Amino acid sequence: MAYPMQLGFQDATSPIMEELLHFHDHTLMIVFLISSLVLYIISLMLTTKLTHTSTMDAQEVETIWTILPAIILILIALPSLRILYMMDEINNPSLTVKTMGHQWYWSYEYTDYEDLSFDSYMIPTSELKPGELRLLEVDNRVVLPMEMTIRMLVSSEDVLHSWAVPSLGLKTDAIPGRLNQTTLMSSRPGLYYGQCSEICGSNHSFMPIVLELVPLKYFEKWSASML
Amino acid sequence: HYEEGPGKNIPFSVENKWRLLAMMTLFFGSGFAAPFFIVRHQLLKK
Amino acid sequence: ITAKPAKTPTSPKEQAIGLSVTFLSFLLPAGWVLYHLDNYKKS
Amino acid sequence: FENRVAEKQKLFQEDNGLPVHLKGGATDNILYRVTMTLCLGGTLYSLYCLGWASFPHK
Amino acid sequence: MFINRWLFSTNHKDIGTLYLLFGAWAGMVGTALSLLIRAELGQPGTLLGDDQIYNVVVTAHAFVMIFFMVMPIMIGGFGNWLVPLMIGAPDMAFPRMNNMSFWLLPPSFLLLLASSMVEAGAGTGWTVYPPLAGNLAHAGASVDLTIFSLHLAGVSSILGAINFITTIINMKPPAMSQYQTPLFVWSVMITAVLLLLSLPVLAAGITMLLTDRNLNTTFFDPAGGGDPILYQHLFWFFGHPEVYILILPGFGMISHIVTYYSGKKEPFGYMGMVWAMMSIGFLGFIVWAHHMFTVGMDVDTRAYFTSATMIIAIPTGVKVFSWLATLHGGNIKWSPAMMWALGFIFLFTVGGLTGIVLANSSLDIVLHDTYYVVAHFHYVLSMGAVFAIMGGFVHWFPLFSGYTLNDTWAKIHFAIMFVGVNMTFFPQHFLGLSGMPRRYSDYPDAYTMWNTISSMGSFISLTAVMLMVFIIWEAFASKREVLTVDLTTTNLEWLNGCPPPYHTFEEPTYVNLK
Amino acid sequence: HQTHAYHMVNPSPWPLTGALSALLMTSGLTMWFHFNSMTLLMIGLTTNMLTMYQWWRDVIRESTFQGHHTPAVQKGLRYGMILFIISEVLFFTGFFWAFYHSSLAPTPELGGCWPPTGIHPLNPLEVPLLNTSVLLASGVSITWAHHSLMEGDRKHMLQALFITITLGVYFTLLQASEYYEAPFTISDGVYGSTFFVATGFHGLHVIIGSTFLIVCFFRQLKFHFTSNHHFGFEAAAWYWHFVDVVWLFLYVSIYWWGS
Amino acid sequence: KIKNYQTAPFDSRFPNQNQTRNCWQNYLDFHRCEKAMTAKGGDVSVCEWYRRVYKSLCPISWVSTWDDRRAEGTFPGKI
Amino acid sequence: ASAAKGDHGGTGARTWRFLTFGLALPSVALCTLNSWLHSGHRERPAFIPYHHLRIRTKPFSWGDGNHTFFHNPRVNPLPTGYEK
Amino acid sequence: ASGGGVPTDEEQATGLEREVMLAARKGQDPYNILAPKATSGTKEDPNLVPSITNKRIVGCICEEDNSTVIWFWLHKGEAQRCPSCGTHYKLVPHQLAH
Ligand SMILES: CCCCCCCCCCCCCCCCCC(=O)OCC(COC(=O)CCCCCCCCCCCCCCCCC)OC(=O)CCCCCCCCCCCCCCCCC
Ligand SMILES: CCCCCCCCCCCCCCCCCC(=O)OCC(COC(=O)CCCCCCCCCCCCCCCCC)OC(=O)CCCCCCCCCCCCCCCCC
Ligand code: HEA
Ligand code: HEA
Ligand SMILES: CCCCC/C=C/C/C=C/C/C=C/C/C=C/CCCC(=O)O[C@H](COC(=O)CCCCCCCCCCCCCCCCC)COP(=O)(O)OCCN
Ligand SMILES: CCCCC/C=C\C/C=C/C/C=C/C/C=C\CCCC(=O)O[C@H](COC(=O)CCCCCCCCCCCCCCCCC)COP(=O)(O)OCCN
Ligand SMILES: CCCCC/C=C/C/C=C/CCCCCCCC(=O)O[C@H](COC(=O)CCCCCCCCCCCCCCC)COP(=O)(O)OCC[N+](C)(C)C
Ligand SMILES: CCCCCC/C=C\CCCCCCCCCC(=O)O[C@H](COC(=O)CCCCCCCCCCCCCCC)COP(=O)(O)OC[C@@H](O)CO
Ligand SMILES: CCCCCC/C=C\CCCCCCCCCC(=O)O[C@H](COC(=O)CCCCCCCCCCCCCCC)COP(=O)(O)OC[C@@H](O)CO
Ligand SMILES: CCCCCCCCCCO[C@@H]1O[C@H](CO)[C@@H](O[C@H]2O[C@H](CO)[C@@H](O)[C@H](O)[C@H]2O)[C@H](O)[C@H]1O
Ligand SMILES: CCCCCCCCCCO[C@@H]1O[C@H](CO)[C@@H](O[C@H]2O[C@H](CO)[C@@H](O)[C@H](O)[C@H]2O)[C@H](O)[C@H]1O
Ligand SMILES: CCCCCCCCCCO[C@@H]1O[C@H](CO)[C@@H](O[C@H]2O[C@H](CO)[C@@H](O)[C@H](O)[C@H]2O)[C@H](O)[C@H]1O
Ligand SMILES: C[C@H](CCC(=O)O)[C@H]1CC[C@H]2[C@@H]3[C@H](O)C[C@@H]4C[C@H](O)CC[C@]4(C)[C@H]3C[C@H](O)[C@]12C
Ligand code: CUA
Ligand SMILES: [Cu+2]
Ligand SMILES: [Mg+2]
Ligand code: NA
Ligand SMILES: [Zn+2]
């Protein structure tokens with residue numbers, strides 16, 4: 001989850017999210033360089049009494065202004081598309097979990113073996129237990145085995161929603177009549193939080209996601225206990 | 001035919017600056033107030 | 001740009017009145033609604 | 001039928017100061033007044049209907 | 001005489017004036033809506049106690065600022081005033097159709113008011129995506145009133161586009177080729193072509209939404225074999241060209257302001273600037289699905305939209321660099337209008353570069369539907385368009401009015417605004433990176449500090465807006481009449497004096513072929 | 001006195017009456033769909049028809065009667081009409097996009113096939129083929145009408161234009177009969193949605209195009225057109241060819257490929 | 001043949017993010033197979049792979065809606 | 001190139017009238033005959049209350065709210081089936 | 001055959017359209033439809049700029065393909081020069097004659 005005064009991304013929980021952090025650092029360096037160069041050149045154009053107001057030939061400089069930006073874009077595109085095709089590469093999941101969006105809560109279905117499903121609602125602020133997080137905690141968390149490739153299938157039973165977990169680099173829209181697939185792999189046990197990311201009406205702000213990542217053996221016993 | 005020149009090529013009078021202050025106050029003030037009164041309306045019908 | 005001197009000069013006092021009335025036309029109606037928000041909810 | 005365009009050219013080029021929408025004569029003035037009455041009356045009725053639709057009615 | 005002049009106009013200047021007045025009024029509505037947004041978010045918890053109302057406020061803010069403030073001011077206002085004057089034309093091609101484009105806007109605005117007042121409003125976002133905008137999640141008249149508001153605004157801008165294209169192609173001096181028209185006239189021509197091609201697709205999409213809501217069609221309804229994602233394609237096929245439509249006339253004005261206050265007779269690399277605006281217009285039609293990177297898109301499609309989106313940076317950079325090259329060697333007049341233009345160049349650039357971050361579909365997975373996108377577009381669009389408008393307004397107010405502003409007051413207004421917008425939006429980058437969703441009435445506690453600062457920024461811009469109204473009052477109150485303007489030899493719009501006569505160019509300019 | 005060739009138009013009320021008619025028609029549809037009343041809508045349609053009638057009457061007064069349409073003014077009207085047609089093509093493009101999206105990836109609710117389970121499409125070889133022959137024939141007759149006008153032949157211009165209008169009317173009555181006879185409706189899922197809204201907008205454009213040709217017929221009867229000056233006829237013919245081409249794309253896409 | 005079934009493997013017919021057709025195809029394949037083994041007196045056990053794949057992938061409310069429509073005679077796919 | 005006649009080369013109007021009466025109206029007369037001969041009312045199909053058809057998310061704004069605008073009782077069933 | 005019966009522009013054109021048609025027949029351009037061709041532009045052979053008043057705006061395209069047009073009021077009296085290229089222009093006022 002986010003912590004007070006955070007400037008950057010949540011720490012990476014997945015190897016894909018770590019890839020994104022290094023790609024963002026690379027892209028942000030280019031953004032900071034270009035914006036500061038433009039500001040500096042502005043200051044440079046504005047700080048001399050020297051003048052040159054006759055027609056200036058544009059041909060030579062327009063080569064530099066076209067080729068250099070083109071190279072910079074390629075230096076962003078190369079690692080960008082590497083991560084894109086990396087993300088999409090065949091994963092062989094061990095488990096499939098479905099989430100259905102509703103106004104305004106998530107449902108989860110784990111139907112590889114038994115019929116396990118349940119609803120996951122926000123804890124109202126008045127009911128939080130001491131040290132729990134306003135607008136983030138749910139009654140029933142999404143328990144998942146750690147260090148395993150999981151296939152999440154996302155849909156909706158009503159309007160659009162979007163199923164997001166920033167620390168795992170995940171955001172997948174929840175569209176009725178459609179079954180969208182993403183893959184999830186946590187390097188670490190823990191609690192990982194996210195929030196509905198497609199405006200779905202009056203309680204859009206109030207239908208969070210909580211993943212609980214634990215060893216397989218705990219996941220298996222939890223599953224059996226939820227039937 | 002039509003009036004020409006500064007202060008005449010406009011649909012409001014600038015003949016008196018205090019009358020103009022009142023018109024500008026009502027014009028811009030009515031724009032700025034409207035969303036406050038629409039929120040009030042929506043809070044009250046509920 | 002060059003211009004004539006003002007036909008109807010606006011003194012510092014006249015500017016203070018213009019500015020004051022302009023600011024109040026924006027602040028008072030919004031202020032009134034925002035002050036009474038709690039009253040609106042009980043309906 | 002016969003070509004009466006020269007007659008219409010004389011009517012519509014008459015140096016009488018009238019705008020083209022009133023230059024055909026009294027009928028233009030009537031069709032203008034009916035159009036503007038329906039528009040301004042209809043617009044007042046749309047505002048009434050807004051007023052009505054803006055509040056619940058059990 | 002009043003009705004004949006102001007309701008029955010066939011004069012490009014008076015219609016331009018009506019557009020600027022309309023746009024200014026709309027700007028106050030949009031501003032009040034923005035301040036209600038930042039008041040809801042200015043401390044943790046609820047202010048309105050009603051997130052449907054919050055969502056209606058967010059939706060209305062966007063529609064007002066885009067359709068009733070920016071487009072009317074830039075195309076309706078500056079377009080109508082300046083385009084005939086800059087090409088020596090006695091009016092628009094279709095001076096009477098021109099008046100209907102104007103008069104469709106008050107009823108368009110009334111339909112949007114009506115939508116907010118009836119039932120619980122349209123709390124859809126300005127994208128109006130089904131099924132949230134459909135007849136089950138948004139039963140009643142509100143969404144239908146929003147759709148009709150867009151229909152009237154669409155007709156206005158399409159007829160406006162036909163008028164501008166025809167005027168700019170047909171009504172120049174016979175010796176003046178398209179490569180002798182000022183950059184602002186090019187910016188309006190290219191804008192009009194994007195409007196002509198984009199708005200009919202929006203019109204088709206929202207008409208299908210209207211039939212889904214009222215005639216039991218199922219274009220967007222899976223139960224009948226429809227698809228919500230079809231709506232998104234039709235919307236954004238319009239919506240991406242729309243964001244270039246909102247900035248292009250600003251690019252035109254910035255070229256004129258930087259040239260003028262640099263004491264240059266012309267912008268650097270004129271043909272490069274024409275090329276860049278045409279290239280941006282063209283590329284603006286092939287990038288739309290970068291709004292849809294999280295809907296479940298195949299990897300090859302995501303790769304294509306990432307790549308096509310990024311190449312827009314090349315023509316845009318040529319413009320930014322050419323503006324800098326225009327300043328280079330200038331006798332700089334530090335006028336208020338120049339300050340707006342230099343702010344524009346810097347802030348537009350920051351917003352453009354966050355665009356390039358978002359173009360990368362792999363990062364956009366994490367940044368989509370967050371405050372990073374909000375930060376992005378309040379830099380490029382909100383600051384870019386508003387800074388170009390304020391620069392234009394300050395620069396050309398004495399042409400339109402015949403009266404001068406107090407420059408000292410105008411510089412004070414610029415300083416306050418520059419501080420306010422940066423305090424408001426810069427922190428929204430941190431909120432986005434750290435995962436705060438957009439379209440939220442409330443946020444987890446960790447997001448409090450940046451939300452508090454952003455809401456304080458919004459009040460500083462409010463003080464700037466109130467001050468702008470007083471500054472316009474002071475100019476009309478004092479009546480300092482314009483005498484002499486510099487550089488009329490390369491700024492034809494000033495050459496008929498201030499304000500120009502009702503009829504200009506009754507005798508056309510003389511331009512020969514050497 | 002101007003020394004340019006362009007037209008400074010008399011101040012006119014028709015832009016304002018047109019804008020207000022747009023408010024009455026849209027708020028009228030809202031009252032019809034939600035508040036069970038047709039009153040605003042009928043006022044809106046009435047003011048819209050009055051606006052169009054008086055506006056285009058005035059254009060005829062300005063041109064035929066007052067001589068304001070110089071070649072420069074005529075060239076502007078040519079651009080205007082082409083740009084208007086382009087915007088109508090992009091409108092139809094949205095409906096073709098919706099059709100191809102729905103029909104190339106039929107969802108499970110349809111049975112995962114196109115046409116959907118339970119839909120019995122019309123035979124494209126029956127009335128739809130007749131409709132095609134009728135609009136193609138009308139493109140030939142209007143071309144005859146155009147050539148007769150340019151060659152100064154009043155009677156053959158009037159015959160050819162009458163034939164064109166009659167084929168327009170025939171297409172409209174054939175389509176109204178097909179609508180009545182069709183065993184699917186606009187409520188029959190995305191098949192009925194795409195069929196009726198796309199052919200329905202096309203049908204509206206045929207009625208508008210037919211009306212425009214009827215205006216040109218009555219202007220020809222009253223000798224308004226010269227053998228060299230008749231932009232209203234040319235505009236009506238461009239629009240009519242537009243209507244024909246949109247039909248050919250509907251026929252190939254919806255009736256034939258989508259059957 | 002393939003016991004220790006964990007979940008539905010990658011299927012090169014359905015390699016993208018939209019898996020709607022994967023769920024639907026396996027649902028159809030199960031009920032077609034299951035029909036063919038009643039019509040030929042055979043054994044439903046042969047159909048098992050399809051049952052497991054559609055149960056893994058298909059939302060419960062979709063399976064449940066399709067089952068209701070087969071019973072009502074309103075299921076639009078060919079079984 | 002399913003079309004073979006020499007370019008007719010007289011008055012433009014004369015050629016287009018020739019095409020109107022010699023090719024276009026004959027084609028319409030022919031298609032009119034073909035339509036006359038495939039014209040008879042065909043047997044209406046068995047009603048199945050498919051959930052993707054006869055959509056009603058909101059009542060229509062005319063009649064009883066349940067009849068489409070060009071409702072034909074012979075061939076258009078309601079959600080509950082054909083009318084008696 | 002053609003039975004005729006369609007008016008010609010010669011018969012039925014009126015107002016400004018007719019005035020433009022008849023002036024074009026005489027090779028004249030009172031409504032400024034055509035670009036004037038430049039003289040050498042010297043003090044002895046200035047560009048002659050007709051006007052119906054005592055001043056007219058000139059735009060000077062100093063060199064072929066210049067994108068910048070130089071604009072200035074040409075007054076009745078002595079020839080004036082383009083402030084960019086010094087080319088000479090002289091106003092030739094005239095009553096709006098027939
Ligand atoms: C810059 C736009 C216009 C000016 C705006 C003025 C107002 C802001 C000041 C002016 C601030 C200077 C700009 C740099 C940001 C400082 C934060 C930082 O170190 O950022 C770090 C990164 C992420 O890094 C990390 O993951 C590591 C985090 C380190 C942890 C240490 C914690 C201690 C932090 C203490 C709080 C300080 C925060 C400041 C809080 C500021 C509150 C307003 O954040 C991000 O990605 C955010 C990046 C947003 C992308 C926008 C495009 C950038 C172009 C604008 C620059 C103009 C150049 C001229 C520069 C000169 C322009 C004046
Ligand atoms: C027989 C006569 C009766 C006729 C009936 C009318 C009555 C006439 C009076 C009597 C006539 C006799 C002559 C008196 C002259 C006017 C006197 C006056 O001060 O009268 C005041 C007039 C004029 O007022 C206005 O138009 C409104 C503006 C008020 C002050 C604005 C100041 C802002 C300046 C700063 C802006 C900078 C931009 C300009 C920069 C450029 C400057 C050149 O009032 C009105 O009665 C206006 C009626 C409608 C006219 C069209 C206005 C266009 C609408 C603007 C957009 C609205 C958006 C709403 C959106 C709606 C959606 C819900
Ligand atoms: C042109 C477009 C534009 C402009 C100017 C603005 C201006 C502002 N907007 Fe925004 N905004 C949008 C377009 C714009 N906006 C869009 C499209 C949305 C998304 C809606 C959605 O999600 O559906 C959005 C959403 C949005 C959000 C996110 C809401 C959410 O996600 O829940 C916030 C939050 O802070 C915000 C704040 C602000 C503020 C504080 C201002 C301003 O207060 C800041 C600058 C201030 C001004 C005061 C402008 C003044 C100009 C004039 C008054 C004209 C004067 C006229 C003449 C001189 C002729 N806006
Ligand atoms: C003025 C309006 C405007 C303009 C011009 C732009 C310009 C661009 N925008 Fe943005 N945009 C919006 C308004 C605008 N945008 C709005 C309103 C939204 C959100 C809509 C909503 O959801 O409500 C949005 C959303 C948006 C998204 C979707 C984000 C999401 O929802 O997840 C993306 C994705 O790629 C994007 C990309 C870009 C890019 C790449 C440009 C490029 O055109 C920018 C190019 C400019 C530069 C790069 C700076 C200058 C260049 C140089 C100095 C040269 C050197 C630079 C390099 C080599 C990089 N924009
Ligand atoms: C619901 C569908 C709506 C469709 C609309 C209806 C269409 C049918 C008819 C419409 C009206 C036609 C009437 C004909 C009247 C003509 C008067 C003008 C004649 C005239 O003045 O022009 C003369 C034409 O004479 C000549 O031959 C005569 C020129 C030929 C004219 C008549 C030709 C007959 C056309 C029949 C159409 C065929 C359609 C198929 C039906 C087959 C049944 C036999 C000039 O002659 P020329 O070129 O010098 O040489 C002629 C010698 N070859
Ligand atoms: C040859 C055709 C005859 C002409 C048409 C005659 C009558 C009214 C039609 C108006 C024309 C508008 C077309 C598009 C609108 C909707 C679809 C209409 C097509 C149509 O007529 O379809 C009918 C349905 O009409 C229905 O629902 C509804 C009927 C009317 C409802 C009014 C809809 C208003 C929509 C507003 C559109 C605004 C968008 C304009 C864009 C402007 C640009 C900004 C089909 O009949 P059915 O019984 O379902 O099936 C046949 C079974 N026997
Ligand atoms: C993300 C990547 C960032 C990219 C940023 C990179 C930018 C690269 C910029 C490099 C520019 C290098 C060229 C130097 C031009 C400097 C300006 C200038 O003033 O250059 C003049 C050249 O102009 C002449 O003459 C000939 C007439 C035409 C002169 C052309 C000048 C070009 C000006 C370009 C300015 C660019 C500034 C900002 C760039 C962003 C110098 O005049 P001189 O009297 O010496 O010569 C004439 C001598 N006689 C007349 C006696 C023969
Ligand atoms: C859902 C409900 C929404 C309802 C919205 C309806 C909105 C408005 C309704 C009122 C419209 C009726 C009034 C008729 C307007 C005629 C315009 C016209 O015909 O304009 C002409 C120019 O446009 C040209 O040619 C070519 C362009 C002709 C345009 C024809 C008018 C189109 C109106 C609708 C456009 C829809 C846009 C397309 C997308 C579907 C003439 O220009 P003027 O400046 O008049 O004169 C010039 C003089 O020199 C003539 O002598
Ligand atoms: C539900 C209700 C909706 C609306 C229903 C009906 C709508 C429209 C009815 C059909 C349109 C009739 C248009 C009549 C135009 C007559 C005026 C005219 O044609 O004017 C001509 C100029 O053209 C011009 O303005 C060109 C003007 C062209 C106008 C283009 C018309 C198309 C408008 C259609 C609106 C479509 C909306 C579609 C919905 C999405 C005049 O020049 P000439 O002809 O050269 O004459 C001069 C010579 O005589 C001199 O010798
Ligand atoms: C985002 C937009 C920014 C808005 C910021 C507005 C700044 C405030 C402007 C002041 O507005 C007034 O404030 C008074 C309080 O100070 C209110 O009086 C209220 O409170 C008084 C004292 O408690 C009572 O005397 C009054 O009767 C009672 O109406 C009054 O209604 C309201 O107009
Ligand atoms: C110059 C132009 C200005 C004209 C202003 C016209 C003002 C006319 C106002 C009265 O008309 C109202 O509108 C609705 C339609 O007429 C009626 O509702 C009706 O709507 C349904 C259909 O007609 C009925 O079946 C419903 O029972 C009923 O409530 C309503 O009673 C009636 O009072
Ligand atoms: C299927 C839909 C119908 C197609 C519609 C095509 C639209 C054409 C508009 C009118 O333009 C004319 O058409 C023919 C161009 O191909 C030519 O005809 C005529 O041209 C010559 C002289 O006019 C005569 O000698 C010839 O015999 C005769 O074909 C003529 O040059 C051209 O101006
Ligand atoms: C009345 C007029 C003859 C005198 C004239 O040219 O003014 C003629 C010439 C062309 C004739 C029309 C054309 O022949 C086309 C139509 C033919 C139909 O059989 C009768 C109506 C029809 C619409 C005719 C009416 C009338 O006889 C017209 C209009
Ligand atoms: Cu669910 Cu937002
Ligand atoms: Cu975009
Ligand atoms: Mg989204
Ligand atoms: Na809040
Ligand atoms: Zn020169």
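Start at 1 and go down the list; that is how both ligands and their atoms are numbered. The basis for the numbers below is simple: all heavy atoms, side chains too, and nothing from hydrogens, waters or symmetry mates. Letters go in sequence order (proteins before strands), and every chain restarts at 1.
Ring orientation note: the planes of E/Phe235 and E/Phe238 are nearly perpendicular, at an angle over 60° on the 30°/60° scale. Taking the six-membered ring where the residue is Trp, C/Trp32 and B/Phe37 present parallel rings, their angle staying beneath 30° rather than reaching 60°. Ring geometry for E/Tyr379 against E/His429 counts as tilted: the plane angle lies between 30° and 60°, on a 0 to 90° scale. The aromatic rings of A/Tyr105 and A/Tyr121 lie parallel to each other, with less than 30° between the two planes, well short of the 60° mark.
Nearest non-hydrogen protein atom to atom 12 (C) of ligand 10 is C/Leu28 CD2, 4.2 Å. Here the heavy atom of the protein found nearest to atom 29 (O) of ligand 10 is C/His36 CE1, 3.6 Å.
Salt bridge C/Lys41/E/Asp50: absent, no basic N to carboxylate O contact under 4.0 Å.
Other residues, nucleotides and ligands contribute over 12 non-hydrogen atoms within 6.0 Å of the CE atom of E/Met278.
With the Cu ion (ligand 15) at the apex, E/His290 NE2 and E/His291 NE2 define an angle of roughly 100° (rounded to 10 degrees).
Atom 1 (Cu) of ligand 14 has A/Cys200 among its coordinating residues (N/O/S atom, backbone or side chain, under 2.8 Å). At least one N/O/S atom of A/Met207, from backbone or side chain, sits under 2.8 Å from atom 1 (Cu) of ligand 14. In summary, an N, O or S atom of A/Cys196 is located under 2.8 Å from atom 1 (Cu) of ligand 14.
Within the 4.0 Å cut-off (strictly below), a protein heavy atom is located near atom 33 (O) of ligand 10. Atom 20 (O) of ligand 10 is approached by the protein to below 4.0 angstrom, counting heavy atoms only. For atom 14 (C) of ligand 10, the nearest protein heavy atom lies 4.0 Å or farther away. In this structure, atom 27 (O) of ligand 10 has its sub-4.0 angstrom surroundings free of protein heavy atoms.
Considering just the N/O/S atoms of A/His161, the one nearest atom 1 (Cu) of ligand 14 carries the name ND1.
Taking each of C/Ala30, C/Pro29, C/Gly31 in turn, the one with a heavy atom nearest to atom 11 (O) of ligand 10 proves to be C/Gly31. Heavy-atom proximity to atom 5 (C) of ligand 10, evaluated over E/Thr463, C/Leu24, E/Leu35, C/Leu27, is greatest for C/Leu27.
The closest approach between a heavy atom of C/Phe26 and any atom of ligand 10 is not below 4.0 Å.
With hydrogens and angles ignored, the 3.5 Å screen pairs no side-chain donor or acceptor of E/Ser454 with any backbone N or O of E/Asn451.
Taking CD1 from E/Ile314 and CD1 from E/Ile280, the interatomic distance works out to 11.0 Å, rounded to the nearest 0.5 Å. To the nearest 0.5 angstrom, A/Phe206 atom CZ is 11.5 Å from A/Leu136 atom CG. Atoms OG1 and CH2, from E/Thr294 and A/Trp163 in turn, are 14.0 Å apart once rounded to the nearest 0.5 Å.
The proximity of C/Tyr35 to ligand 10, defined as any non-hydrogen pair under 4.0 Å, is limited to the side chain.
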